Amino acid sequence: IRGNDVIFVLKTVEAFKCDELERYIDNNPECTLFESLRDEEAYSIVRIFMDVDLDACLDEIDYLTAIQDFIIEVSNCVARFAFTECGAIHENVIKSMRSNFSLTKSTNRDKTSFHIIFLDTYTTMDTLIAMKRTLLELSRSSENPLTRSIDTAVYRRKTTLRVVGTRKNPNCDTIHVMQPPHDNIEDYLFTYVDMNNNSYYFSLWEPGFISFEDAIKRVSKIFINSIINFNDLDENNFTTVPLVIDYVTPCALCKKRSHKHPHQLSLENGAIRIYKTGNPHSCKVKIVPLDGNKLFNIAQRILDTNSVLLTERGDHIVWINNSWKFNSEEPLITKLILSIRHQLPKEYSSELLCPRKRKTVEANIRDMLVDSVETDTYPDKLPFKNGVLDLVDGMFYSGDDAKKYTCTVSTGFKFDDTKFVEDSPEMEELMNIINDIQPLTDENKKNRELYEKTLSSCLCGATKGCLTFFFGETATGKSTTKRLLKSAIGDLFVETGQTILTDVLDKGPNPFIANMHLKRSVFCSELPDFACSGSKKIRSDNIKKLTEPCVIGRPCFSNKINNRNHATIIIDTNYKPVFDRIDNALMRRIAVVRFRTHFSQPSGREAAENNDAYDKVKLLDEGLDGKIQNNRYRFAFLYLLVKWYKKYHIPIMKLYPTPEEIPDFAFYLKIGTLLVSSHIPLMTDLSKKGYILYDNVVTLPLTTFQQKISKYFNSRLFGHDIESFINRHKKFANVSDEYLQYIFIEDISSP
Amino acid sequence: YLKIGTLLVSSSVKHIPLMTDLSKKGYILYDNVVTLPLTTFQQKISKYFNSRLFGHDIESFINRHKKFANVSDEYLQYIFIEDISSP
Ligand SMILES: [Zn+2]
């Protein structure tokens, strides 16, 4: 659509532009033109507009407060309707609606009418048609005289709206005068679509009220004083007889001792309006409802601010003090009900001070929350205690903006821009520490890049399909890297023991199984070396099961077993891992990060001078570990992590395994590179080489195979591995021995 | 475990000039480094400390932190303190 600059009008027809309409209006002040839609189907996208009419006069203060509350209520209700039905964003709609709006007026001083248009919000006419019932409920479920007077009509096909500055009728001289700051004729058109940057768009007496006597009693209680002309009002004289009151005490509505004329009660929109006659500003207007609870309307107003949603599992997440809290032990809805009373009208705030009413208006909220939402869906954002830091752009959001993202976890500490710097001595000290841990030589280049990549994945809410191994001799200070990462990433990071590396992953109630829920990094240290006999091999089942994007595990006294998996798993030790089970999936799901830095004191430095444990040796310092424990380089290291993530995270970043540094998998690699599955039309070459083919399957004797492979590989090194491989690929039968099928790649190449 | 390193020394990688001299005392000097036989290393370990109270710990420590100049052979890369120190 890209907006429309043509305004179609009806004289009781034309298609004029902004300048054309302005010139025509200036030429003819008395012309009556109604702005409508030239074609309903073509340009159904229009602005959001409302028309309000209340036949009474109000002063400046009352009008100001009433219009403020009217904007608040209408914007919240429309944003809630957009969120539930049109799939929009609540915060965006609220911001667009409250940012800028055009408000007209009426030249008549005996009544208050206007047409209000929200400039930046645009939606299809079908959406405004569907909003009919919701807006009618809002109109009939409020106390504000402006909100109660909303005309739900004008939401029909091919509707028309009276243009500003033109008389509605030739006989009626009253016209609507524009108000600051718009002052332009294009700012009061409900079809003038002007989509731009700061904008948003979305799309898909009746007896039945109450007994008369109770209404009369309510009116009398409002008047406080007794009615002089009592026992005279009935069904017929409801809006005819004046209400004469004795001025025993000053009027509750006006606070004055007396007035020139009595009051009068009228019926409108299922409510009773009490107003004085003669001078209009002598007494205010009193509104009396005729249906609905008072505790249900409060629940609706608290609900349609989108602050008490429920999760996809069944937990009600509330928004208190700029953070999405939630607890399943002491539910927080009553805290929210108490703390939100300031954003509610005067009559709705005194109710939320009795604890027996903040349980009624809370049962209502729980009964109105049907269907769920999804939490922590955007993985490129880091939730801090006072907001959300964006990673792709680096901009920080605080306050209601962070509400847009259902961040159910947090790092635990606030975000400070002063410490968040680039050129600081702490940054240089951290860079020196990292260089000491990771020398930047060309030999280390690839390993250092893998280090930076696997260390920067901690700022990702997505799931990763690899498990990097920190392999390095002692005194390499991997604990320093662990401490720096913990200080940078807050309480999201978790350190776990080897309990998951040996036992069954799910099995029974495992605390680390549930703790992997939404934690962004899991670290294991000092692995139980399986080189010595007795220690269990690294459970291949657990490693395979930890890679999936889901976690299945239920702790003691619980039933939930589904957890979202975001943690990057890192294992650090000085011993090569040993896994009893081996398959191609394992060979494609293991990465190794090598450490070649020795941090040793001078006393043993000579002992480390010729040591083969590390490719370099340098003096250590006991005064650094405490510094890392004191969150010294926290924000500089966080900046480094952000830079690494930016330089590494392409539109799709993946953890690539490195199956070359693991000594155990080298045997399988050598076997595969020298022997694979056995090619029918190559019998002559096999016969020349000595091998024979029988029953369409080339075979050799088991003793012959052992003799052939004796020289190719060291039998004493991996005799158990060779026996296990033979058992796995065993075939048996045939001739007078077992059957072994393979191709000697080294012999296959040689003719 | 604590006392094993007290009477043990790191591999003398940078002892190429002295590796040849140490080889004549019962080392193979393979891969430009002095390497003693696994049986010889076990005998030296049993001589260093009472073999009655020292059993599988020495073998486990050797398998953890020693090599036989190849993938696996009958040698040991564990450098004796009383031998590797002397050129
Ligand atoms: Zn009054």
# chains A, B, ... in the order shown; residues from 1 in each chain; ligands from 1

call {"tool": "select_by_dssp", "arguments": {"residues": "chain B", "states": "strand (DSSP E)", "output": "ChimeraX atom specification"}}
result
/B:8-9,36-37,75-76,79-80

call {"tool": "residues_around", "arguments": {"residues": "residue 681 of chain A", "least_positions_apart": "4", "cutoff": "12 Å", "atoms": "only C-alpha atoms", "output": "PyMOL selection string"}}
result
chain A and resi 685-687+693+696-698

call {"tool": "select_by_dssp", "arguments": {"residues": "chain B", "states": "helix (DSSP H, G or I)", "output": "MDAnalysis selection string"}}
result
chainID B and resid 16:23 30:32 38:48 56:64 81:84

call {"tool": "closest_residue", "arguments": {"among": "A:483, A:325, A:566, A:257", "to": "ligand 1", "atoms": "only C-alpha atoms and all ligand atoms"}}
result
A:257

call {"tool": "atom_distance", "arguments": {"atom1": "atom CA of residue 621 of chain A", "atom2": "atom CA of residue 482 of chain A"}}
result
17.0 Å

call {"tool": "residues_near_ligand", "arguments": {"ligand": "ligand 1", "cutoff": "10 Å", "atoms": "only C-alpha atoms and all ligand atoms", "output": "VMD selection string"}}
result
chain A and resid 223 250 to 259 262 to 263 274 to 276 281 to 286

call {"tool": "write_last_selection", "arguments": {"atoms": "N, CA, C and O atoms", "output": "compact mmCIF listing (two decimals), in the first residue's frame"}}
result
# COMPACT_ATOMS: atom_id res chain seq x y z
N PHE A 223 -26.03 10.98 47.04
CA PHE A 223 -26.42 12.32 47.47
C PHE A 223 -26.18 12.56 48.96
O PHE A 223 -26.25 13.72 49.40
N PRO A 250 -23.01 20.34 53.11
CA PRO A 250 -22.60 20.68 51.75
C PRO A 250 -22.63 19.47 50.83
O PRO A 250 -22.40 18.34 51.26
N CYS A 251 -22.95 19.72 49.56
CA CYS A 251 -23.07 18.65 48.58
C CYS A 251 -21.76 17.87 48.47
O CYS A 251 -20.68 18.45 48.45
N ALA A 252 -21.88 16.54 48.42
CA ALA A 252 -20.70 15.70 48.29
C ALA A 252 -19.99 15.94 46.96
O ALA A 252 -18.76 16.00 46.90
N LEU A 253 -20.76 16.09 45.88
CA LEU A 253 -20.17 16.24 44.55
C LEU A 253 -19.52 17.60 44.37
O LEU A 253 -18.47 17.71 43.73
N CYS A 254 -20.12 18.66 44.92
CA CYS A 254 -19.68 20.02 44.67
C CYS A 254 -18.94 20.67 45.83
O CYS A 254 -18.21 21.64 45.61
N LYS A 255 -19.13 20.17 47.06
CA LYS A 255 -18.54 20.69 48.29
C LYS A 255 -19.07 22.07 48.67
O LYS A 255 -18.67 22.61 49.71
N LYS A 256 -19.96 22.66 47.88
CA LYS A 256 -20.50 23.97 48.18
C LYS A 256 -21.73 23.85 49.08
O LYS A 256 -22.37 22.80 49.17
N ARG A 257 -22.05 24.95 49.76
CA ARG A 257 -23.17 24.95 50.70
C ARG A 257 -24.50 24.80 49.97
O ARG A 257 -25.37 24.05 50.42
N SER A 258 -24.68 25.52 48.87
CA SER A 258 -25.96 25.53 48.17
C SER A 258 -25.72 25.86 46.70
O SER A 258 -24.60 26.14 46.28
N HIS A 259 -26.80 25.81 45.93
CA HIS A 259 -26.74 26.10 44.50
C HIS A 259 -28.06 26.72 44.06
O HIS A 259 -29.08 26.62 44.75
N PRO A 262 -31.72 22.71 41.56
CA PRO A 262 -31.48 21.33 42.00
C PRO A 262 -30.74 20.49 40.97
O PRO A 262 -30.34 20.99 39.92
N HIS A 263 -30.57 19.20 41.28
CA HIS A 263 -29.89 18.27 40.39
C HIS A 263 -30.90 17.52 39.53
O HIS A 263 -32.12 17.70 39.65
N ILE A 274 -25.69 12.09 37.10
CA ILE A 274 -26.27 13.08 38.00
C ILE A 274 -25.56 14.40 37.74
O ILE A 274 -24.33 14.48 37.83
N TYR A 275 -26.34 15.44 37.43
CA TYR A 275 -25.79 16.72 37.02
C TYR A 275 -26.70 17.85 37.47
O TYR A 275 -27.91 17.67 37.62
N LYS A 276 -26.12 19.02 37.66
CA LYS A 276 -26.87 20.20 38.06
C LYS A 276 -27.40 20.94 36.84
O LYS A 276 -26.97 20.72 35.71
N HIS A 281 -20.64 24.45 35.69
CA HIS A 281 -19.41 24.24 36.45
C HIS A 281 -19.62 24.35 37.95
O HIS A 281 -18.66 24.13 38.70
N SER A 282 -20.83 24.67 38.40
CA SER A 282 -21.09 24.74 39.84
C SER A 282 -20.92 23.37 40.50
O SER A 282 -20.36 23.27 41.60
N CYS A 283 -21.39 22.31 39.85
CA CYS A 283 -21.24 20.95 40.34
C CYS A 283 -20.68 20.08 39.23
O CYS A 283 -20.93 20.30 38.05
N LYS A 284 -19.91 19.06 39.64
CA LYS A 284 -19.33 18.12 38.69
C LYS A 284 -20.40 17.12 38.26
O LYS A 284 -21.58 17.24 38.59
N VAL A 285 -19.99 16.10 37.50
CA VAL A 285 -20.89 15.05 37.03
C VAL A 285 -20.62 13.80 37.85
O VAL A 285 -19.46 13.44 38.08
N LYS A 286 -21.69 13.15 38.31
CA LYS A 286 -21.57 11.91 39.06
C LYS A 286 -22.09 10.75 38.22
O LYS A 286 -23.17 10.85 37.63

call {"tool": "interface_residues", "arguments": {"of": "chain B", "to": "chain A", "cutoff": "6 Å", "atoms": "only C-alpha atoms", "output": "PyMOL selection string"}}
result
chain B and resi 13-14+60+71-72

call {"tool": "closest_residue", "arguments": {"among": "B:51, B:11, B:77, B:32", "to": "residue 63 of chain B", "atoms": "only C-alpha atoms"}}
result
B:77

call {"tool": "closest_residue", "arguments": {"among": "A:580, A:30, A:234, A:473", "to": "residue 614 of chain A", "atoms": "only C-alpha atoms"}}
result
A:473

call {"tool": "atom_distance", "arguments": {"atom1": "atom CA of residue 83 of chain A", "atom2": "atom CA of residue 202 of chain A"}}
result
9.5 Å

call {"tool": "atom_distance", "arguments": {"atom1": "atom CA of residue 311 of chain A", "atom2": "atom CA of residue 77 of chain A"}}
result
21.5 Å

call {"tool": "residues_around", "arguments": {"residues": "residue 476 of chain A", "least_positions_apart": "2", "cutoff": "10 Å", "atoms": "only C-alpha atoms", "output": "PDB file with N, CA, C and O atoms, in the first residue's frame"}}
result
ATOM      1  N   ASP A 436      48.922 -14.894  28.060  1.00  0.00           N
ATOM      2  CA  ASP A 436      49.674 -15.856  28.861  1.00  0.00           C
ATOM      3  C   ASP A 436      49.022 -17.229  28.815  1.00  0.00           C
ATOM      4  O   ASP A 436      49.710 -18.248  28.678  1.00  0.00           O
ATOM      5  N   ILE A 437      47.694 -17.278  28.939  1.00  0.00           N
ATOM      6  CA  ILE A 437      46.988 -18.551  28.839  1.00  0.00           C
ATOM      7  C   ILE A 437      47.013 -19.064  27.405  1.00  0.00           C
ATOM      8  O   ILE A 437      47.225 -20.258  27.161  1.00  0.00           O
ATOM      9  N   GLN A 438      46.801 -18.176  26.435  1.00  0.00           N
ATOM     10  CA  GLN A 438      46.746 -18.542  25.021  1.00  0.00           C
ATOM     11  C   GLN A 438      47.728 -17.676  24.244  1.00  0.00           C
ATOM     12  O   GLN A 438      47.397 -16.555  23.834  1.00  0.00           O
ATOM     13  N   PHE A 471      41.985 -29.789  27.000  1.00  0.00           N
ATOM     14  CA  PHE A 471      43.078 -30.713  27.282  1.00  0.00           C
ATOM     15  C   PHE A 471      44.352 -29.903  27.475  1.00  0.00           C
ATOM     16  O   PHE A 471      44.822 -29.239  26.545  1.00  0.00           O
ATOM     17  N   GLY A 472      44.908 -29.956  28.681  1.00  0.00           N
ATOM     18  CA  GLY A 472      46.132 -29.240  28.976  1.00  0.00           C
ATOM     19  C   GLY A 472      46.794 -29.727  30.245  1.00  0.00           C
ATOM     20  O   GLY A 472      46.110 -30.123  31.194  1.00  0.00           O
ATOM     21  N   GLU A 473      48.124 -29.704  30.276  1.00  0.00           N
ATOM     22  CA  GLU A 473      48.848 -30.123  31.465  1.00  0.00           C
ATOM     23  C   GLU A 473      48.555 -29.173  32.623  1.00  0.00           C
ATOM     24  O   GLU A 473      48.090 -28.047  32.435  1.00  0.00           O
ATOM     25  N   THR A 474      48.826 -29.648  33.836  1.00  0.00           N
ATOM     26  CA  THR A 474      48.604 -28.829  35.018  1.00  0.00           C
ATOM     27  C   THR A 474      49.440 -27.552  34.951  1.00  0.00           C
ATOM     28  O   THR A 474      50.381 -27.431  34.161  1.00  0.00           O
ATOM     29  N   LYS A 478      43.695 -23.259  33.577  1.00  0.00           N
ATOM     30  CA  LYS A 478      42.346 -23.301  33.028  1.00  0.00           C
ATOM     31  C   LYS A 478      41.323 -22.824  34.049  1.00  0.00           C
ATOM     32  O   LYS A 478      40.254 -22.327  33.674  1.00  0.00           O
ATOM     33  N   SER A 479      41.636 -22.959  35.340  1.00  0.00           N
ATOM     34  CA  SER A 479      40.755 -22.435  36.377  1.00  0.00           C
ATOM     35  C   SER A 479      40.631 -20.921  36.291  1.00  0.00           C
ATOM     36  O   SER A 479      39.583 -20.367  36.634  1.00  0.00           O
ATOM     37  N   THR A 480      41.683 -20.236  35.840  1.00  0.00           N
ATOM     38  CA  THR A 480      41.585 -18.796  35.622  1.00  0.00           C
ATOM     39  C   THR A 480      40.571 -18.468  34.531  1.00  0.00           C
ATOM     40  O   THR A 480      39.763 -17.542  34.679  1.00  0.00           O
ATOM     41  N   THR A 481      40.598 -19.219  33.425  1.00  0.00           N
ATOM     42  CA  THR A 481      39.598 -19.029  32.381  1.00  0.00           C
ATOM     43  C   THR A 481      38.201 -19.322  32.907  1.00  0.00           C
ATOM     44  O   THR A 481      37.249 -18.589  32.607  1.00  0.00           O
ATOM     45  N   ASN A 574      43.529 -32.937  32.527  1.00  0.00           N
ATOM     46  CA  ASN A 574      44.844 -33.224  31.972  1.00  0.00           C
ATOM     47  C   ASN A 574      44.979 -34.668  31.511  1.00  0.00           C
ATOM     48  O   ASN A 574      46.098 -35.126  31.263  1.00  0.00           O
ATOM     49  N   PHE A 595      46.015 -26.753  25.298  1.00  0.00           N
ATOM     50  CA  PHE A 595      46.734 -25.767  26.092  1.00  0.00           C
ATOM     51  C   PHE A 595      48.226 -26.051  26.020  1.00  0.00           C
ATOM     52  O   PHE A 595      48.663 -27.178  26.277  1.00  0.00           O
ATOM     53  N   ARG A 596      49.001 -25.029  25.671  1.00  0.00           N
ATOM     54  CA  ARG A 596      50.449 -25.130  25.551  1.00  0.00           C
ATOM     55  C   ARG A 596      51.124 -23.999  26.308  1.00  0.00           C
ATOM     56  O   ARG A 596      52.095 -23.400  25.838  1.00  0.00           O
ATOM     57  N   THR A 597      50.612 -23.681  27.495  1.00  0.00           N
ATOM     58  CA  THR A 597      51.157 -22.616  28.323  1.00  0.00           C
ATOM     59  C   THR A 597      51.448 -23.163  29.711  1.00  0.00           C
ATOM     60  O   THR A 597      50.589 -23.806  30.321  1.00  0.00           O
ATOM     61  N   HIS A 598      52.655 -22.903  30.205  1.00  0.00           N
ATOM     62  CA  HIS A 598      53.066 -23.315  31.540  1.00  0.00           C
ATOM     63  C   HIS A 598      53.255 -22.068  32.389  1.00  0.00           C
ATOM     64  O   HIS A 598      54.022 -21.173  32.021  1.00  0.00           O
ATOM     65  N   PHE A 599      52.550 -22.007  33.512  1.00  0.00           N
ATOM     66  CA  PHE A 599      52.681 -20.922  34.479  1.00  0.00           C
ATOM     67  C   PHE A 599      53.335 -21.515  35.720  1.00  0.00           C
ATOM     68  O   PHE A 599      52.666 -22.139  36.549  1.00  0.00           O
ATOM     69  N   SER A 600      54.645 -21.325  35.845  1.00  0.00           N
ATOM     70  CA  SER A 600      55.408 -21.914  36.932  1.00  0.00           C
ATOM     71  C   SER A 600      56.257 -20.845  37.601  1.00  0.00           C
ATOM     72  O   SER A 600      56.737 -19.912  36.953  1.00  0.00           O
ATOM     73  N   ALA A 613      56.027 -30.831  28.809  1.00  0.00           N
ATOM     74  CA  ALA A 613      54.591 -30.731  29.046  1.00  0.00           C
ATOM     75  C   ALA A 613      53.960 -29.596  28.252  1.00  0.00           C
ATOM     76  O   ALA A 613      52.836 -29.739  27.759  1.00  0.00           O
ATOM     77  N   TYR A 614      54.659 -28.472  28.113  1.00  0.00           N
ATOM     78  CA  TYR A 614      54.122 -27.301  27.440  1.00  0.00           C
ATOM     79  C   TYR A 614      55.134 -26.770  26.435  1.00  0.00           C
ATOM     80  O   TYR A 614      56.341 -26.979  26.575  1.00  0.00           O
ATOM     81  N   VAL A 617      57.027 -21.722  28.773  1.00  0.00           N
ATOM     82  CA  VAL A 617      56.981 -21.614  30.227  1.00  0.00           C
ATOM     83  C   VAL A 617      57.201 -20.159  30.613  1.00  0.00           C
ATOM     84  O   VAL A 617      58.013 -19.458  29.999  1.00  0.00           O
ATOM     85  N   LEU A 620      54.634 -17.503  37.079  1.00  0.00           N
ATOM     86  CA  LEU A 620      53.266 -17.381  37.552  1.00  0.00           C
ATOM     87  C   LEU A 620      53.160 -16.233  38.555  1.00  0.00           C
ATOM     88  O   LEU A 620      54.119 -15.499  38.805  1.00  0.00           O
TER      89      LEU A 620
END

call {"tool": "closest_residue", "arguments": {"among": "A:310, A:130, A:117, A:484", "to": "residue 624 of chain A", "atoms": "only C-alpha atoms"}}
result
A:484

call {"tool": "residues_around", "arguments": {"residues": "residue 22 of chain B", "least_positions_apart": "6", "cutoff": "8 Å", "atoms": "only C-alpha atoms", "output": "PDB file with N, CA, C and O atoms, in the first residue's frame"}}
result
ATOM      1  N   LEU B  29      68.156 -44.162  23.825  1.00  0.00           N
ATOM      2  CA  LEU B  29      68.403 -42.881  23.158  1.00  0.00           C
ATOM      3  C   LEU B  29      67.582 -42.736  21.880  1.00  0.00           C
ATOM      4  O   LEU B  29      68.041 -42.144  20.899  1.00  0.00           O
ATOM      5  N   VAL B  34      66.603 -39.914  25.899  1.00  0.00           N
ATOM      6  CA  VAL B  34      66.975 -41.126  26.621  1.00  0.00           C
ATOM      7  C   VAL B  34      65.712 -41.845  27.075  1.00  0.00           C
ATOM      8  O   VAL B  34      64.839 -41.249  27.717  1.00  0.00           O
ATOM      9  N   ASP B  83      69.309 -40.344  37.786  1.00  0.00           N
ATOM     10  CA  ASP B  83      69.926 -40.677  36.509  1.00  0.00           C
ATOM     11  C   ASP B  83      69.809 -39.564  35.480  1.00  0.00           C
ATOM     12  O   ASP B  83      70.806 -39.202  34.847  1.00  0.00           O
ATOM     13  N   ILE B  84      68.609 -39.011  35.288  1.00  0.00           N
ATOM     14  CA  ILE B  84      68.424 -37.969  34.282  1.00  0.00           C
ATOM     15  C   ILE B  84      69.183 -36.706  34.666  1.00  0.00           C
ATOM     16  O   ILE B  84      69.695 -35.987  33.800  1.00  0.00           O
ATOM     17  N   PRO B  87      74.441 -35.960  33.730  1.00  0.00           N
ATOM     18  CA  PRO B  87      74.623 -36.003  32.275  1.00  0.00           C
ATOM     19  C   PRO B  87      75.494 -37.175  31.832  1.00  0.00           C
ATOM     20  O   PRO B  87      74.989 -38.294  31.738  1.00  0.00           O
TER      21      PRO B  87
END

call {"tool": "residues_around", "arguments": {"residues": "residue 296 of chain A", "least_positions_apart": "5", "cutoff": "10 Å", "atoms": "only C-alpha atoms", "output": "PyMOL selection string"}}
result
chain A and resi 141+301-302+360-365

call {"tool": "write_last_selection", "arguments": {"atoms": "C-alpha atoms", "output": "tab-separated table (two decimals), in the first residue's frame"}}
result
chain	number	residue	atom	x	y	z
A	141	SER	CA	-17.10	-1.29	32.41
A	301	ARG	CA	-7.71	-3.56	33.74
A	302	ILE	CA	-4.83	-5.36	35.46
A	360	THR	CA	-10.92	-12.10	44.56
A	361	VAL	CA	-9.37	-9.94	41.84
A	362	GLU	CA	-6.68	-12.65	41.65
A	363	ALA	CA	-9.01	-15.62	41.21
A	364	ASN	CA	-10.56	-13.60	38.39
A	365	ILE	CA	-7.14	-13.18	36.77

call {"tool": "residues_around", "arguments": {"residues": "segment 668-679 of chain A", "least_positions_apart": "5", "cutoff": "10 Å", "atoms": "only C-alpha atoms", "output": "list in words"}}
result
residues 582, 583, 584, 587, 659, 660, 663, 697, 698, 699, 709, 712, 713, 721, 722, 725, 729, 741, 742, 743, 744, 745, 746, 747 and 748 of chain A
